[PDB]
Amino acid sequence: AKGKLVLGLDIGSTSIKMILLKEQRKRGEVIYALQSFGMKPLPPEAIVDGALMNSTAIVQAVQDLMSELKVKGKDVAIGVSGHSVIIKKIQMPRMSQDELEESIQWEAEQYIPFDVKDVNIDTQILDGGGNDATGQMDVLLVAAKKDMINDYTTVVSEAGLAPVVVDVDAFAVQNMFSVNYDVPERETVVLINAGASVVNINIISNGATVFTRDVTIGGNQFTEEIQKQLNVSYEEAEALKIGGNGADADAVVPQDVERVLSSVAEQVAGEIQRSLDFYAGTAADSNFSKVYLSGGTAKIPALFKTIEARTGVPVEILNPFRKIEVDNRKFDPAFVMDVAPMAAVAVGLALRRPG
Amino acid sequence: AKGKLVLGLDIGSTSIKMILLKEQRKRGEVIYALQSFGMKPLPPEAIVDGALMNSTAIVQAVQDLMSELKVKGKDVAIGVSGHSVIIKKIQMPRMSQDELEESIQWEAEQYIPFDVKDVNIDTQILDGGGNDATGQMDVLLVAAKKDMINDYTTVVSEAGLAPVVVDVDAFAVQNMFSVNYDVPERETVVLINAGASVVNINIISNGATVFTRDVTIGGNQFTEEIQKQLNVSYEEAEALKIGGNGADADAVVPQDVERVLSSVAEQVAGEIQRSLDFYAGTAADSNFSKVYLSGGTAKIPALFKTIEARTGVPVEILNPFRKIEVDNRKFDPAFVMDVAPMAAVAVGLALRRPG
Amino acid sequence: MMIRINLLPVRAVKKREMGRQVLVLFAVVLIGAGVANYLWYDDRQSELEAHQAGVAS
Amino acid sequence: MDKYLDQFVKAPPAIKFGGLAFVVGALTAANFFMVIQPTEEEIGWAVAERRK
């Protein structure tokens, strides 16, 4: 049946977040609108290497999410870990669906360092109806171990939730910006999601993904450098990162901290430069246009100006919540804006769920 | 038959307290009223890890309570240890009572790190009559080992007492404030009970609990830091805490003591901030309202102002005894006020007992 | 925009199918063995009738 | 514990069916043996009767 499911940030690693939008009625009109959202930091040991090592416990957390939410709904879309999925482009020939799925599996086979023992899904980077059989096939494959998917369906089964879509974060984060991207149909845009476990880059023409690349570096690395240089626990080093780096009174601490985080800033900048250079192969001659940031690791004070000057691209924070109606009597736009970067995916597969 | 039972503070750890209210007659009118109360510090070794390591001795204490009280009554409500109970929310579907109890057990099963081997009880966070079958079920489960319950029924059986209700302290402490909470039906209130073994937070809209969380930190930690820093016995460190921290002549001792207790003050503040942040997930944008304190650990001098400034919430002591009639010829309001925080639960399951 | 869904198709499907086929094979073998046990029972009832004729003799 | 429980929602249709099948195979072995033995007994009673 046609349900409006729900949306968790299941591979937040730092935080399990969840969002409910639905058909909100005002004055006889109805549109998608924010109904609830919820956030709880992920207890350690629940996720290791992108897999759910403690399914039942993560369940306890998710159920806390749902009751905090005060939500009736028990269907969910969610996402796999960027560390748990291989995303990559694949060229084939256009044919019948079965022959494409089998051919797709066959070509992925070498590119997957595991047996299959793999869950596979593709989508075509260009519309298949625009080309004939045998010509101009391009699918991109998302590939994953059963043990990961099975871990996640475990967690979901036990929260009393029923999954309908297991999506991927680099593209789920885009659904909030897809209209605004579809406004410029020939502009090349970059989208960085700097998370706690991984940083994704996806770069597009319009809301047509051209490619994606996932970098092991993330906010965990900043926190871990802070922790190393002041023998601090992870959580206190995390707080020192957050409030340490951005307070109006922080004038004495960007020496002590920035000197700690400077190697990470350098290595992130070099890895992003490297990724951009590895893309930039047919437009020899050109430059970039504009880009956005998502993920809480983005919120590092001044990091946006640094990435802007260092990558030669205007990098801007963006408010996902502009894609959904927000009742000002139930949510104030200021904070909603404040947690927009963390919640981008969390409302991402969320517009996926009343699709 | 319809009895007016009694009320002990069985998991006081620092103190076994007991209260008798009943239908008091004055001028042809009758209302609930305080009849007696009694307090004896707990013989240590009687409770270990929230269990009655020894029913029989605790029995001797409880019977001292009853004779001190001068009470005819031999029926009792009591409470389990916060360390002995798992309290947590649970989402299900509304149906027949049997199907809900079994379904409830089934969902709790993973969330209980023991076999069942567990006594289980739920109540619905919203009225069940307000929703149809299959939709909008929410119970919260209280779960406990048999060995604990059996320890307690042991102690009770031997004091000559008969239990009718084995309640939980985080909610029993609220029955004194339930009317005053029901006065603001949409205000979000926090209630902290800082005990000797545990600190509970329950936060409500009206007298409708929204959640509870139990923190291992408590007054025992303050006493134990005082003991560590001056190689004192537990009892003398406890007295130094009590009178040391609050006398008018204490001007020289809040350096010696406060420096001892400062790490505990910090860690308590951080744990309370953490709990509050882990709740605060649907009202992104909002702030707190008002809150109360119960438990003797609250009575730390100035702790209320500290928690008020540190948590961003007005935290106030409150007099439970306002819910019951008090004959000024048998009790003077000043002291009654003085031991109100310790006795909040002690009159809590006490209004539970002429229910 | 790319819309992907790793919610379980192929490997479970292949295993549910293999699970079906192994059971059909079990069923076929057991029906055949059944028919053998039968046919045997009939030759045995015939032999019993011949022998009871002899006993009458 | 739930990881085992979803291993139980994925697979043991196959494992339960299999167990049922090994059991029915055993029972058919047993009844075939229990029809072979009355054959031998019957040839025996033949050999007695003819000797009478």
# chains A, B, ... in the order shown; residues from 1 in each chain; ligands from 1
call {"tool": "select_by_dssp", "arguments": {"residues": "region 55-247 of chain A", "states": "helix (DSSP H, G or I)", "output": "ChimeraX atom specification"}}
result
/A:55-69,82-84,97-111,128-130,146-158,169-172,178-182,219-229,234-246
call {"tool": "calpha_fit_and_write", "arguments": {"fixed": "chain B", "moving": "chain A", "output": "short mmCIF file (atom, residue, chain, number, x, y, z; two decimals) with C-alpha atoms, in the first residue's frame"}}
result
data_model
loop_
_atom_site.label_atom_id
_atom_site.label_comp_id
_atom_site.auth_asym_id
_atom_site.auth_seq_id
_atom_site.Cartn_x
_atom_site.Cartn_y
_atom_site.Cartn_z
CA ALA A 1 -10.47 -5.49 50.88
CA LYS A 2 -10.00 -1.70 50.67
CA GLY A 3 -7.05 -0.89 52.91
CA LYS A 4 -4.89 2.14 53.68
CA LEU A 5 -1.54 0.44 53.48
CA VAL A 6 1.84 2.04 54.31
CA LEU A 7 4.93 3.45 52.66
CA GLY A 8 8.60 2.84 53.25
CA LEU A 9 11.63 4.20 51.46
CA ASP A 10 13.04 0.75 50.94
CA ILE A 11 15.70 1.66 48.40
CA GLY A 12 16.95 4.69 50.28
CA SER A 13 20.38 3.09 50.67
CA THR A 14 21.25 6.01 52.95
CA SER A 15 17.94 5.83 54.83
CA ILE A 16 14.88 3.65 55.33
CA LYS A 17 11.96 6.08 55.68
CA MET A 18 8.26 5.35 56.16
CA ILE A 19 5.05 7.41 56.05
CA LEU A 20 1.42 6.97 57.13
CA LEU A 21 -1.28 9.25 55.70
CA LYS A 22 -4.97 8.47 56.04
CA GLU A 23 -8.50 9.84 56.13
CA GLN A 24 -8.18 12.40 58.93
CA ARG A 25 -11.39 13.78 60.42
CA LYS A 26 -11.75 17.40 61.53
CA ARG A 27 -15.13 19.10 62.02
CA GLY A 28 -17.04 16.38 60.20
CA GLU A 29 -14.78 16.65 57.14
CA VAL A 30 -12.23 14.06 56.09
CA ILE A 31 -9.22 14.29 53.78
CA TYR A 32 -5.91 12.52 53.27
CA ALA A 33 -3.57 13.65 56.03
CA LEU A 34 -0.17 12.86 57.49
CA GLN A 35 -0.47 10.49 60.44
CA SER A 36 3.13 9.49 61.00
CA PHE A 37 6.59 9.19 59.41
CA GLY A 38 9.88 7.67 60.49
CA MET A 39 13.47 7.54 59.39
CA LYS A 40 16.43 5.32 60.22
CA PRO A 41 19.72 5.30 58.29
CA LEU A 42 20.30 2.04 56.42
CA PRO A 43 22.93 -0.24 58.01
CA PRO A 44 25.70 -1.07 55.53
CA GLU A 45 25.74 -4.45 53.73
CA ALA A 46 21.92 -4.66 53.73
CA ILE A 47 21.75 -3.48 50.10
CA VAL A 48 24.41 -4.28 47.52
CA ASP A 49 23.99 -3.44 43.81
CA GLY A 50 20.31 -2.65 44.34
CA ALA A 51 19.51 -6.09 45.78
CA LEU A 52 18.66 -6.97 49.39
CA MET A 53 21.67 -9.07 50.43
CA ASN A 54 20.59 -9.30 54.09
CA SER A 55 16.80 -9.61 54.00
CA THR A 56 16.26 -10.55 57.67
CA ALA A 57 18.32 -7.62 58.97
CA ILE A 58 16.56 -5.04 56.77
CA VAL A 59 13.45 -6.61 58.32
CA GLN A 60 14.73 -5.68 61.76
CA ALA A 61 15.14 -2.12 60.54
CA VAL A 62 11.67 -1.92 58.92
CA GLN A 63 10.05 -3.20 62.12
CA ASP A 64 11.91 -0.50 64.06
CA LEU A 65 10.31 1.89 61.57
CA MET A 66 6.82 0.56 62.25
CA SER A 67 7.05 0.65 66.06
CA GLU A 68 8.70 4.08 65.99
CA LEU A 69 5.74 5.09 63.80
CA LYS A 70 3.31 3.59 66.35
CA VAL A 71 1.22 2.30 63.43
CA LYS A 72 -1.43 -0.37 63.40
CA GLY A 73 -1.16 -0.95 59.67
CA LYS A 74 0.62 -3.94 58.18
CA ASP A 75 0.05 -3.44 54.45
CA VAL A 76 2.66 -1.59 52.44
CA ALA A 77 3.53 -0.18 49.07
CA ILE A 78 7.26 0.04 48.38
CA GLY A 79 9.74 0.62 45.59
CA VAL A 80 12.55 -1.13 43.78
CA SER A 81 16.06 0.23 43.39
CA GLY A 82 16.70 2.47 40.40
CA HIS A 83 19.75 0.26 39.90
CA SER A 84 17.46 -2.79 39.95
CA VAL A 85 14.90 -1.68 37.33
CA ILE A 86 15.09 -1.07 33.59
CA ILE A 87 12.64 1.68 32.62
CA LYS A 88 12.24 2.44 28.96
CA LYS A 89 9.67 3.38 26.32
CA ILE A 90 8.18 0.86 23.85
CA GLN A 91 6.04 1.28 20.69
CA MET A 92 3.48 -1.43 19.72
CA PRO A 93 -0.04 -1.80 18.24
CA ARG A 94 -3.25 -1.29 20.23
CA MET A 95 -5.20 -4.53 20.73
CA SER A 96 -6.63 -6.92 23.31
CA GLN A 97 -4.91 -6.86 26.71
CA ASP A 98 -3.45 -10.36 26.41
CA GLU A 99 -2.00 -9.68 22.95
CA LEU A 100 -0.46 -6.45 24.25
CA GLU A 101 1.09 -8.07 27.32
CA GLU A 102 2.62 -10.89 25.27
CA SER A 103 3.71 -8.52 22.49
CA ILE A 104 5.15 -6.27 25.23
CA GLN A 105 7.16 -9.11 26.74
CA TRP A 106 8.36 -10.05 23.25
CA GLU A 107 9.66 -6.56 22.49
CA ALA A 108 11.26 -6.14 25.92
CA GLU A 109 13.08 -9.46 25.49
CA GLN A 110 16.09 -8.07 23.60
CA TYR A 111 16.27 -4.94 25.82
CA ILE A 112 16.76 -6.98 29.03
CA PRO A 113 20.32 -8.34 29.45
CA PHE A 114 19.00 -11.27 31.51
CA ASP A 115 16.79 -14.23 30.90
CA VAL A 116 13.16 -13.80 31.85
CA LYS A 117 13.93 -14.37 34.81
CA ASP A 118 12.31 -10.89 34.72
CA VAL A 119 9.15 -9.30 36.22
CA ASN A 120 7.59 -6.95 33.67
CA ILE A 121 4.95 -4.19 33.86
CA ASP A 122 3.91 -1.47 31.43
CA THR A 123 1.77 1.61 31.38
CA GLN A 124 0.65 3.61 28.39
CA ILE A 125 2.16 7.08 27.97
CA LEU A 126 -1.11 8.17 26.33
CA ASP A 127 -4.67 7.08 27.02
CA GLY A 128 -5.45 3.86 25.18
CA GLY A 129 -9.11 4.78 24.71
CA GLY A 130 -8.03 7.70 22.52
CA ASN A 131 -6.76 5.43 19.72
CA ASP A 132 -8.13 2.49 17.76
CA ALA A 133 -6.89 -1.08 17.59
CA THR A 134 -3.64 -1.59 15.63
CA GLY A 135 -2.70 2.09 15.91
CA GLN A 136 -0.82 4.42 18.31
CA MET A 137 0.31 2.04 21.00
CA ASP A 138 2.95 3.28 23.38
CA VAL A 139 3.66 1.53 26.65
CA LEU A 140 6.70 2.08 28.82
CA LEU A 141 8.14 -1.06 30.40
CA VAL A 142 9.49 -1.49 33.91
CA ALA A 143 11.58 -4.65 34.12
CA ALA A 144 13.32 -6.33 37.03
CA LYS A 145 15.04 -9.53 38.13
CA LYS A 146 13.07 -11.98 40.27
CA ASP A 147 15.95 -12.12 42.73
CA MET A 148 15.47 -8.43 43.49
CA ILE A 149 11.66 -8.56 43.85
CA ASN A 150 12.03 -11.78 45.86
CA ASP A 151 14.58 -10.11 48.12
CA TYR A 152 12.12 -7.28 48.73
CA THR A 153 9.06 -9.49 49.30
CA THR A 154 11.34 -11.39 51.67
CA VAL A 155 12.09 -8.28 53.74
CA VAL A 156 8.39 -7.40 53.68
CA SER A 157 7.04 -10.84 54.55
CA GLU A 158 9.26 -10.82 57.63
CA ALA A 159 8.42 -7.31 58.92
CA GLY A 160 4.89 -8.69 59.15
CA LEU A 161 3.99 -6.46 56.19
CA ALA A 162 1.92 -7.37 53.14
CA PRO A 163 2.78 -5.62 49.85
CA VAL A 164 0.12 -4.58 47.37
CA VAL A 165 2.21 -2.36 45.03
CA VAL A 166 5.89 -2.56 44.08
CA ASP A 167 6.32 0.80 42.39
CA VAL A 168 9.33 2.65 40.94
CA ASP A 169 10.87 5.72 42.53
CA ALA A 170 11.17 8.08 39.54
CA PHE A 171 7.36 8.12 39.24
CA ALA A 172 6.42 7.57 42.88
CA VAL A 173 8.32 10.77 43.68
CA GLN A 174 5.94 12.62 41.34
CA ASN A 175 2.61 11.77 43.03
CA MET A 176 3.14 14.62 45.52
CA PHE A 177 3.53 17.13 42.73
CA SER A 178 0.99 15.58 40.33
CA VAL A 179 -1.82 18.06 41.11
CA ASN A 180 0.53 21.06 40.88
CA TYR A 181 1.87 19.69 37.58
CA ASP A 182 -1.67 19.09 36.31
CA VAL A 183 -2.21 22.82 36.82
CA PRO A 184 -0.01 23.62 33.73
CA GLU A 185 -1.10 21.06 31.13
CA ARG A 186 1.25 22.12 28.31
CA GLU A 187 4.32 23.14 30.33
CA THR A 188 7.43 20.96 30.11
CA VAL A 189 8.82 20.31 33.60
CA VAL A 190 11.90 18.46 34.76
CA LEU A 191 12.07 16.60 38.06
CA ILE A 192 15.43 15.54 39.47
CA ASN A 193 15.61 13.12 42.40
CA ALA A 194 19.22 13.18 43.55
CA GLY A 195 19.51 10.18 45.85
CA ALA A 196 22.41 8.39 47.48
CA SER A 197 22.63 5.53 44.94
CA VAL A 198 21.26 7.15 41.77
CA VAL A 199 19.93 10.41 40.34
CA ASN A 200 16.74 10.19 38.33
CA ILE A 201 15.52 12.65 35.74
CA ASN A 202 11.95 12.45 34.63
CA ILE A 203 10.62 15.16 32.32
CA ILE A 204 6.92 15.73 31.68
CA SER A 205 4.30 17.72 29.86
CA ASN A 206 1.79 18.39 32.68
CA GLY A 207 1.82 15.27 34.89
CA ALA A 208 2.33 13.20 31.75
CA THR A 209 5.79 11.68 31.84
CA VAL A 210 7.63 12.10 28.56
CA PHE A 211 10.77 10.26 29.63
CA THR A 212 13.04 9.09 32.45
CA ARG A 213 16.81 8.55 32.70
CA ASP A 214 18.86 7.23 35.62
CA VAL A 215 22.42 8.36 36.32
CA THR A 216 24.82 6.31 38.44
CA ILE A 217 26.16 9.50 40.01
CA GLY A 218 24.68 10.57 43.33
CA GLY A 219 25.43 11.81 46.82
CA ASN A 220 27.52 8.73 47.58
CA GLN A 221 30.02 10.12 45.07
CA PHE A 222 30.28 13.44 46.92
CA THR A 223 30.76 11.68 50.25
CA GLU A 224 33.32 9.33 48.69
CA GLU A 225 35.37 12.20 47.27
CA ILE A 226 35.35 13.89 50.69
CA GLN A 227 36.47 10.57 52.18
CA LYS A 228 39.24 10.11 49.59
CA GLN A 229 40.73 13.58 50.05
CA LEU A 230 40.92 13.45 53.87
CA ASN A 231 41.19 9.67 54.53
CA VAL A 232 37.94 9.84 56.53
CA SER A 233 35.37 7.13 57.25
CA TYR A 234 32.16 7.21 55.17
CA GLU A 235 29.97 8.51 58.01
CA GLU A 236 32.30 11.32 59.10
CA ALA A 237 32.82 12.36 55.48
CA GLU A 238 29.03 12.39 55.19
CA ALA A 239 28.67 14.67 58.22
CA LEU A 240 31.42 16.92 56.85
CA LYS A 241 29.36 17.08 53.66
CA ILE A 242 26.08 17.92 55.46
CA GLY A 243 27.08 20.36 58.21
CA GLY A 244 30.46 21.13 56.69
CA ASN A 245 28.89 22.55 53.53
CA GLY A 246 26.00 24.59 54.97
CA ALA A 247 26.79 26.09 58.38
CA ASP A 248 26.91 29.85 58.86
CA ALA A 249 30.42 29.27 60.27
CA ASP A 250 31.55 27.25 57.23
CA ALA A 251 33.55 30.07 55.61
CA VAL A 252 36.89 28.23 55.82
CA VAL A 253 35.62 24.80 54.75
CA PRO A 254 34.13 25.43 51.25
CA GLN A 255 37.67 25.73 49.96
CA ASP A 256 38.79 22.47 51.58
CA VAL A 257 35.53 20.70 50.72
CA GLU A 258 34.55 22.43 47.48
CA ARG A 259 37.98 21.62 46.05
CA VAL A 260 37.26 18.01 47.01
CA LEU A 261 33.74 17.93 45.51
CA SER A 262 34.45 20.08 42.45
CA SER A 263 35.15 17.18 40.10
CA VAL A 264 31.83 15.62 41.15
CA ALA A 265 29.98 18.90 40.62
CA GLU A 266 31.50 19.11 37.13
CA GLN A 267 30.69 15.49 36.27
CA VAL A 268 27.11 15.77 37.56
CA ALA A 269 26.58 18.97 35.55
CA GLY A 270 27.97 17.31 32.42
CA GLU A 271 25.85 14.19 32.86
CA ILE A 272 22.68 16.27 33.35
CA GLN A 273 23.51 18.46 30.34
CA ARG A 274 24.10 15.27 28.35
CA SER A 275 20.75 13.76 29.38
CA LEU A 276 18.87 16.97 28.55
CA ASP A 277 20.56 17.19 25.15
CA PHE A 278 19.68 13.57 24.41
CA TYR A 279 16.02 14.35 25.01
CA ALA A 280 15.80 17.57 23.09
CA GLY A 281 15.02 16.35 19.60
CA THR A 282 11.62 17.43 18.25
CA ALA A 283 11.57 21.00 19.65
CA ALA A 284 14.84 21.90 17.90
CA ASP A 285 14.17 25.52 18.48
CA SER A 286 12.81 25.87 21.96
CA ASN A 287 14.05 26.33 25.51
CA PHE A 288 13.17 24.82 28.85
CA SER A 289 10.63 25.98 31.44
CA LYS A 290 10.81 24.93 35.11
CA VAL A 291 11.98 22.03 37.26
CA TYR A 292 12.04 20.67 40.84
CA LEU A 293 14.47 18.77 43.08
CA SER A 294 13.93 15.83 45.42
CA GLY A 295 16.28 13.56 47.29
CA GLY A 296 18.73 14.47 50.01
CA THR A 297 21.64 14.81 47.58
CA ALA A 298 19.81 17.88 46.29
CA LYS A 299 20.26 19.59 49.67
CA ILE A 300 23.96 20.21 48.94
CA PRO A 301 24.32 23.92 49.76
CA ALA A 302 23.99 26.13 46.66
CA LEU A 303 23.60 23.10 44.35
CA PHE A 304 20.22 24.44 43.22
CA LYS A 305 21.66 27.75 42.05
CA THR A 306 24.51 25.87 40.34
CA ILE A 307 22.17 23.53 38.46
CA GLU A 308 19.95 26.51 37.60
CA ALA A 309 22.77 28.52 36.03
CA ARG A 310 24.47 25.49 34.46
CA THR A 311 21.49 23.73 32.85
CA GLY A 312 19.60 26.86 31.76
CA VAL A 313 16.54 25.82 33.74
CA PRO A 314 15.05 27.22 36.96
CA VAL A 315 15.61 24.34 39.40
CA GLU A 316 13.68 24.65 42.66
CA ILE A 317 13.22 22.67 45.82
CA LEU A 318 9.59 21.78 46.41
CA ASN A 319 7.54 20.77 49.43
CA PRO A 320 5.76 17.46 48.75
CA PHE A 321 3.74 17.65 51.97
CA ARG A 322 1.44 20.31 50.44
CA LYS A 323 -0.54 17.43 48.87
CA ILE A 324 -1.60 16.13 52.31
CA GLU A 325 -3.27 17.67 55.33
CA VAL A 326 -0.83 18.32 58.18
CA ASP A 327 -2.07 18.90 61.74
CA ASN A 328 0.08 21.72 63.14
CA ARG A 329 -0.39 20.30 66.66
CA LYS A 330 1.39 17.06 65.69
CA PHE A 331 3.93 18.40 63.17
CA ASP A 332 5.48 21.84 62.74
CA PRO A 333 5.73 22.88 59.06
CA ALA A 334 9.35 24.07 59.32
CA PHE A 335 11.10 20.69 59.75
CA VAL A 336 8.50 18.86 57.63
CA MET A 337 9.77 21.27 54.98
CA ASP A 338 13.34 20.48 56.04
CA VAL A 339 13.09 16.72 55.28
CA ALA A 340 10.65 17.17 52.38
CA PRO A 341 13.31 16.27 49.72
CA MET A 342 14.34 13.01 51.41
CA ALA A 343 10.70 12.11 52.05
CA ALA A 344 9.20 12.91 48.62
CA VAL A 345 9.09 9.25 47.53
CA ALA A 346 8.29 8.19 51.14
CA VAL A 347 5.01 10.02 50.82
CA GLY A 348 4.93 9.09 47.13
CA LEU A 349 3.95 5.46 47.09
CA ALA A 350 2.13 6.66 50.25
CA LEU A 351 -0.54 8.46 48.31
CA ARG A 352 -0.38 5.32 46.18
CA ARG A 353 -1.48 3.34 49.24
CA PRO A 354 -4.91 4.89 50.00
CA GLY A 355 -5.57 5.06 46.29
#
call {"tool": "atom_distance", "arguments": {"atom1": "CA of residue 36 (chain C)", "atom2": "CA of residue 38 (chain D)"}}
result
15.3 Å
call {"tool": "residues_around", "arguments": {"residues": "residue 33 (chain C)", "least_positions_apart": "4", "cutoff": "8 Å", "atoms": "only C-alpha atoms", "output": "list in words"}}
result
residues 29 and 37 of chain C; 28 of chain D
call {"tool": "interface_residues", "arguments": {"of": "chain C", "to": "chain D", "cutoff": "10 Å", "atoms": "only C-alpha atoms", "output": "PyMOL selection string"}}
result
chain C and resi 12+15-20+22-27+29-31+33-34+36-38+40-41+43-45+47-48+50-52+54-57
call {"tool": "atom_distance", "arguments": {"atom1": "CA of residue 53 (chain C)", "atom2": "CA of residue 44 (chain D)"}}
result
15.4 Å
call {"tool": "decode", "arguments": {"residues": "region 14-30 of chain D", "atoms": "N, CA, C and O atoms", "output": "short mmCIF file (atom, residue, chain, number, x, y, z; two decimals), in the first residue's frame"}}
result
data_model
loop_
_atom_site.label_atom_id
_atom_site.label_comp_id
_atom_site.auth_asym_id
_atom_site.auth_seq_id
_atom_site.Cartn_x
_atom_site.Cartn_y
_atom_site.Cartn_z
N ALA D 14 14.20 -22.66 4.60
CA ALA D 14 14.98 -23.71 3.97
C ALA D 14 15.37 -24.80 4.97
O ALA D 14 15.29 -26.00 4.66
N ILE D 15 15.77 -24.41 6.18
CA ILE D 15 16.28 -25.39 7.14
C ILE D 15 15.15 -26.22 7.74
O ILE D 15 15.30 -27.43 7.94
N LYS D 16 14.01 -25.59 8.04
CA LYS D 16 12.86 -26.34 8.53
C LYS D 16 12.36 -27.31 7.46
O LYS D 16 12.14 -28.49 7.75
N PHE D 17 12.19 -26.82 6.23
CA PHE D 17 11.79 -27.71 5.14
C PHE D 17 12.76 -28.88 5.02
O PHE D 17 12.33 -30.04 4.89
N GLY D 18 14.05 -28.60 5.06
CA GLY D 18 15.05 -29.66 4.98
C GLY D 18 14.90 -30.69 6.09
O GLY D 18 14.89 -31.89 5.84
N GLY D 19 14.75 -30.22 7.33
CA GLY D 19 14.56 -31.14 8.44
C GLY D 19 13.36 -32.04 8.24
O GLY D 19 13.43 -33.26 8.43
N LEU D 20 12.23 -31.44 7.86
CA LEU D 20 11.04 -32.23 7.52
C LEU D 20 11.37 -33.28 6.47
O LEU D 20 10.91 -34.43 6.57
N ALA D 21 12.20 -32.93 5.49
CA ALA D 21 12.51 -33.86 4.41
C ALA D 21 13.38 -35.01 4.89
O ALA D 21 13.15 -36.17 4.53
N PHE D 22 14.41 -34.73 5.69
CA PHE D 22 15.23 -35.82 6.22
C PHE D 22 14.41 -36.74 7.10
O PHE D 22 14.60 -37.97 7.09
N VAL D 23 13.47 -36.17 7.86
CA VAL D 23 12.60 -37.00 8.70
C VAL D 23 11.73 -37.91 7.83
O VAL D 23 11.64 -39.12 8.08
N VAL D 24 11.09 -37.35 6.79
CA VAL D 24 10.21 -38.18 5.97
C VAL D 24 11.01 -39.24 5.22
O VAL D 24 10.54 -40.37 5.02
N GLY D 25 12.24 -38.91 4.83
CA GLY D 25 13.11 -39.93 4.26
C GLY D 25 13.40 -41.06 5.23
O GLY D 25 13.34 -42.23 4.85
N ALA D 26 13.71 -40.72 6.48
CA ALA D 26 13.93 -41.76 7.49
C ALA D 26 12.69 -42.64 7.67
O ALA D 26 12.80 -43.87 7.72
N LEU D 27 11.51 -42.02 7.76
CA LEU D 27 10.29 -42.78 7.99
C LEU D 27 9.98 -43.70 6.81
O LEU D 27 9.45 -44.80 6.99
N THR D 28 10.29 -43.25 5.58
CA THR D 28 10.09 -44.12 4.43
C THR D 28 11.10 -45.26 4.41
O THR D 28 10.75 -46.39 4.05
N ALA D 29 12.35 -45.00 4.80
CA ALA D 29 13.28 -46.11 5.00
C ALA D 29 12.69 -47.12 5.98
O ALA D 29 12.71 -48.34 5.72
N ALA D 30 12.13 -46.63 7.09
CA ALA D 30 11.61 -47.51 8.13
C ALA D 30 10.43 -48.34 7.63
O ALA D 30 10.37 -49.55 7.89
#
